[PDB]
$ cat input.cif   # mmCIF, C-alpha atoms
data_work
#
loop_
_atom_site.label_atom_id
_atom_site.label_comp_id
_atom_site.auth_asym_id
_atom_site.auth_seq_id
_atom_site.Cartn_x
_atom_site.Cartn_y
_atom_site.Cartn_z
CA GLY A 113 257.94 82.25 159.89
CA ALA A 114 254.98 83.44 161.90
CA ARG A 115 254.82 84.40 165.55
CA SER A 116 252.72 83.34 168.50
CA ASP A 117 250.12 86.11 168.52
CA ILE A 118 248.65 86.16 165.03
CA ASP A 119 245.32 84.52 166.03
CA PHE A 120 244.80 82.60 162.80
CA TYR A 121 241.16 82.91 161.80
CA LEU A 122 240.02 79.85 159.87
CA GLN A 123 236.71 79.69 158.00
CA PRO A 124 236.58 76.52 155.89
CA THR A 125 234.59 75.98 152.72
CA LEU A 126 233.73 73.12 150.36
CA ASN A 127 233.72 74.25 146.72
CA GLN A 128 236.95 76.24 146.63
CA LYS A 129 239.66 75.27 144.16
CA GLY A 130 242.59 76.87 145.93
CA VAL A 131 242.76 78.67 149.25
CA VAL A 132 242.76 82.41 149.86
CA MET A 133 244.37 84.23 152.77
CA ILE A 134 243.78 87.73 154.10
CA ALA A 135 246.55 89.32 156.16
CA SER A 136 245.63 92.33 158.29
CA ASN A 137 247.74 94.54 160.52
CA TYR A 138 246.06 96.56 163.23
CA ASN A 139 248.44 99.20 164.52
CA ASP A 140 248.04 98.79 168.32
CA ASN A 141 251.13 100.91 169.08
CA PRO A 142 250.57 103.60 171.72
CA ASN A 143 252.55 106.62 170.48
CA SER A 144 250.36 108.50 167.99
CA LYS A 145 249.39 106.11 165.19
CA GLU A 146 246.51 107.69 163.26
CA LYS A 147 245.03 106.74 159.89
CA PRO A 148 245.65 109.19 157.01
CA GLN A 149 242.23 110.52 155.83
CA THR A 150 240.93 106.97 154.96
CA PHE A 151 242.76 107.50 151.59
CA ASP A 152 240.20 109.18 149.37
CA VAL A 153 242.91 109.29 146.72
CA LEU A 154 242.84 108.61 143.00
CA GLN A 155 246.61 108.17 142.80
CA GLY A 156 247.03 105.47 145.44
CA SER A 157 245.02 102.36 146.16
CA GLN A 158 243.39 102.22 149.56
CA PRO A 159 245.26 99.93 151.98
CA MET A 160 242.46 97.58 152.89
CA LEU A 161 241.85 95.68 149.66
CA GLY A 162 244.30 96.92 147.09
CA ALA A 163 242.63 95.92 143.79
CA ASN A 164 245.91 96.41 141.98
CA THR A 165 245.40 97.76 138.46
CA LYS A 166 248.87 98.32 137.01
CA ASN A 167 251.21 97.47 134.27
CA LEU A 168 252.57 100.99 133.97
CA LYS B 26 294.77 111.36 150.38
CA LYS B 27 291.19 110.54 149.38
CA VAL B 28 288.27 110.24 151.79
CA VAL B 29 285.57 107.56 151.69
CA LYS B 30 282.59 109.94 152.40
CA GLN B 31 282.06 108.60 155.91
CA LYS B 32 278.75 109.32 157.61
CA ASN B 33 275.27 110.82 157.20
CA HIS B 34 274.71 109.83 160.88
CA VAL B 35 270.89 109.57 160.92
CA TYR B 36 269.11 106.22 160.73
CA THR B 37 265.71 104.98 159.62
CA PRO B 38 263.80 101.83 158.77
CA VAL B 39 264.34 100.95 155.13
CA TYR B 40 260.74 100.24 154.03
CA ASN B 41 260.97 99.39 150.36
CA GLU B 42 257.45 100.66 149.99
CA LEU B 43 254.50 98.26 150.01
CA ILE B 44 251.45 100.24 148.84
CA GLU B 45 251.88 101.27 145.22
CA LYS B 46 250.74 104.43 143.47
CA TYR B 47 250.11 105.03 139.80
CA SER B 48 253.04 106.89 138.29
CA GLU B 49 251.85 109.55 135.85
CA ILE B 50 254.50 110.96 133.57
CA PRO B 51 255.24 114.63 134.38
CA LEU B 52 256.73 115.61 131.04
CA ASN B 53 254.40 118.59 130.73
CA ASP B 54 256.77 121.47 130.15
CA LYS B 55 255.10 124.35 128.30
CA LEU B 56 252.63 122.96 125.79
CA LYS C 26 304.80 97.37 165.92
CA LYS C 27 301.40 95.65 166.05
CA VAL C 28 299.68 94.48 169.23
CA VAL C 29 297.85 91.18 169.68
CA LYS C 30 294.83 92.64 171.64
CA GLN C 31 295.91 91.07 174.92
CA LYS C 32 293.33 90.80 177.69
CA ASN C 33 289.69 91.33 178.65
CA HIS C 34 290.71 90.09 182.15
CA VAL C 35 287.33 88.80 183.42
CA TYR C 36 286.46 85.10 183.39
CA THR C 37 283.29 83.03 183.31
CA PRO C 38 282.02 79.52 182.74
CA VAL C 39 281.44 78.96 179.05
CA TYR C 40 277.96 77.34 179.11
CA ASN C 41 277.09 76.73 175.49
CA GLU C 42 273.47 77.01 176.47
CA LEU C 43 271.37 73.90 177.15
CA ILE C 44 267.74 75.03 177.32
CA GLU C 45 266.60 76.28 173.92
CA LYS C 46 264.20 79.07 173.07
CA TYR C 47 262.19 79.62 169.92
CA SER C 48 263.86 82.26 167.79
CA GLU C 49 261.29 84.58 166.25
CA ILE C 50 262.54 86.75 163.41
CA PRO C 51 262.61 90.44 164.41
CA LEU C 52 262.55 91.92 160.92
CA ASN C 53 259.61 94.16 161.78
CA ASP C 54 260.86 97.60 160.83
CA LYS C 55 258.02 99.99 160.02
CA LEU C 56 255.23 98.08 158.31
#

$ encode --input "input.cif" --output "structure tokens"
Amino acid sequence: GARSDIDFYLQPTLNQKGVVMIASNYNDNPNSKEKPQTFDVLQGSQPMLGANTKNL
Amino acid sequence: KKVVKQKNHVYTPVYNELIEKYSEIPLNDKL
Amino acid sequence: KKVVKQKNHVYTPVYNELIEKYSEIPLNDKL
């Protein structure tokens, strides 16, 4: 399902039961496309590493 | 005759939202 | 009476296309 411009960055390890992926999306669109206040927000999680703490 | 409530006429991406926020309960009426 | 949607009137070779292209999925709405 991917496309031909993702530029898969591979950094292999040795002692790693499992394999972890990090998906990032730079904007790179030329209209306006600014970041909202780097999300100093207690309600929302910041959209770089979510650290999801939720059941309710 | 009955209509079928035709058109709102403006379009958008759907975006079932990715980044989640904690949902505090706003049942704070007077007390 | 009901019509049978007669004619578009312009013709072409069919050409069920030979050379194939990779079909990326364009479901890239807003995120």

$ interface_residues --input "input.cif" --of "chain C" --to "chain B" --cutoff "12 Å" --atoms "only C-alpha atoms" --output "list in words"
residues 52, 53, 54, 55 and 56 of chain C

$ write_last_selection --input "input.cif" --atoms "C-alpha atoms" --output "tab-separated table (two decimals), keeping the file's coordinate frame"
chain	number	residue	atom	x	y	z
C	52	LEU	CA	262.55	91.92	160.92
C	53	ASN	CA	259.61	94.16	161.78
C	54	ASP	CA	260.86	97.60	160.83
C	55	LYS	CA	258.02	99.99	160.02
C	56	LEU	CA	255.23	98.08	158.31

$ resolve_selection --input "input.cif" --expression "the PyMOL selection byres ((chain B) within 10 of (chain A))" --output "PDB file with C-alpha atoms, in the coordinates of the input"
ATOM      1  CA  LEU B  43     254.500  98.260 150.010  1.00  0.00           C
ATOM      2  CA  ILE B  44     251.450 100.240 148.840  1.00  0.00           C
ATOM      3  CA  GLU B  45     251.880 101.270 145.220  1.00  0.00           C
ATOM      4  CA  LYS B  46     250.740 104.430 143.470  1.00  0.00           C
ATOM      5  CA  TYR B  47     250.110 105.030 139.800  1.00  0.00           C
ATOM      6  CA  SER B  48     253.040 106.890 138.290  1.00  0.00           C
ATOM      7  CA  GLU B  49     251.850 109.550 135.850  1.00  0.00           C
TER       8      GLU B  49
END

$ atom_distance --input "input.cif" --atom1 "atom CA of residue 114 of chain A" --atom2 "atom CA of residue 148 of chain A"
27.8 Å

$ atom_distance --input "input.cif" --atom1 "atom CA of residue 161 of chain A" --atom2 "atom CA of residue 125 of chain A"
21.2 Å

$ residues_near_point --input "input.cif" --point "(255.3, 84.3, 164.2)" --cutoff "10 Å" --atoms "all atoms listed in the file" --output "list in words"
residues 113, 114, 115, 116, 117 and 118 of chain A; 48, 49, 50 and 51 of chain C

$ atom_distance --input "input.cif" --atom1 "atom CA of residue 123 of chain A" --atom2 "atom CA of residue 140 of chain A"
24.5 Å

$ decode --input "input.cif" --residues "segment 37-51 of chain C" --atoms "N, CA and C atoms" --output "PDB file, in the first residue's frame"
ATOM      1  N   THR C  37     -14.336   5.284 -31.987  1.00  0.00           N
ATOM      2  CA  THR C  37     -12.944   5.158 -31.587  1.00  0.00           C
ATOM      3  C   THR C  37     -12.552   3.691 -31.672  1.00  0.00           C
ATOM      4  N   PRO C  38     -11.265   3.387 -31.782  1.00  0.00           N
ATOM      5  CA  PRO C  38     -10.799   2.047 -31.437  1.00  0.00           C
ATOM      6  C   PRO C  38     -10.989   1.792 -29.956  1.00  0.00           C
ATOM      7  N   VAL C  39     -11.204   0.521 -29.620  1.00  0.00           N
ATOM      8  CA  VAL C  39     -11.509   0.159 -28.238  1.00  0.00           C
ATOM      9  C   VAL C  39     -10.263   0.257 -27.374  1.00  0.00           C
ATOM     10  N   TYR C  40      -9.254  -0.561 -27.681  1.00  0.00           N
ATOM     11  CA  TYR C  40      -7.941  -0.565 -27.032  1.00  0.00           C
ATOM     12  C   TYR C  40      -8.053  -0.748 -25.518  1.00  0.00           C
ATOM     13  N   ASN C  41      -8.529  -1.932 -25.129  1.00  0.00           N
ATOM     14  CA  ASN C  41      -8.349  -2.404 -23.762  1.00  0.00           C
ATOM     15  C   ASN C  41      -6.840  -2.442 -23.533  1.00  0.00           C
ATOM     16  N   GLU C  42      -6.356  -1.558 -22.662  1.00  0.00           N
ATOM     17  CA  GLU C  42      -4.997  -1.032 -22.744  1.00  0.00           C
ATOM     18  C   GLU C  42      -3.938  -2.087 -22.434  1.00  0.00           C
ATOM     19  N   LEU C  43      -2.883  -2.110 -23.254  1.00  0.00           N
ATOM     20  CA  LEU C  43      -1.831  -3.113 -23.127  1.00  0.00           C
ATOM     21  C   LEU C  43      -0.844  -2.781 -22.014  1.00  0.00           C
ATOM     22  N   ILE C  44      -0.161  -1.645 -22.121  1.00  0.00           N
ATOM     23  CA  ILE C  44       0.916  -1.308 -21.195  1.00  0.00           C
ATOM     24  C   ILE C  44       0.307  -0.880 -19.869  1.00  0.00           C
ATOM     25  N   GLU C  45       0.743  -1.516 -18.789  1.00  0.00           N
ATOM     26  CA  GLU C  45       0.138  -1.353 -17.480  1.00  0.00           C
ATOM     27  C   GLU C  45       0.950  -0.392 -16.631  1.00  0.00           C
ATOM     28  N   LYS C  46       0.242   0.319 -15.764  1.00  0.00           N
ATOM     29  CA  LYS C  46       0.844   1.271 -14.854  1.00  0.00           C
ATOM     30  C   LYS C  46       0.515   0.872 -13.426  1.00  0.00           C
ATOM     31  N   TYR C  47       1.397   1.230 -12.502  1.00  0.00           N
ATOM     32  CA  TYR C  47       1.158   0.884 -11.112  1.00  0.00           C
ATOM     33  C   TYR C  47       0.123   1.840 -10.544  1.00  0.00           C
ATOM     34  N   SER C  48      -0.828   1.298  -9.805  1.00  0.00           N
ATOM     35  CA  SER C  48      -2.029   2.038  -9.438  1.00  0.00           C
ATOM     36  C   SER C  48      -1.980   2.412  -7.963  1.00  0.00           C
ATOM     37  N   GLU C  49      -1.353   3.543  -7.658  1.00  0.00           N
ATOM     38  CA  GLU C  49      -1.275   3.998  -6.277  1.00  0.00           C
ATOM     39  C   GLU C  49      -2.643   4.445  -5.784  1.00  0.00           C
ATOM     40  N   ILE C  50      -2.870   4.303  -4.485  1.00  0.00           N
ATOM     41  CA  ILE C  50      -4.206   4.528  -3.952  1.00  0.00           C
ATOM     42  C   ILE C  50      -4.282   5.984  -3.507  1.00  0.00           C
ATOM     43  N   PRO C  51      -5.167   6.777  -4.100  1.00  0.00           N
ATOM     44  CA  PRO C  51      -5.229   8.211  -3.815  1.00  0.00           C
ATOM     45  C   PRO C  51      -6.192   8.568  -2.692  1.00  0.00           C
TER      46      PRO C  51
END
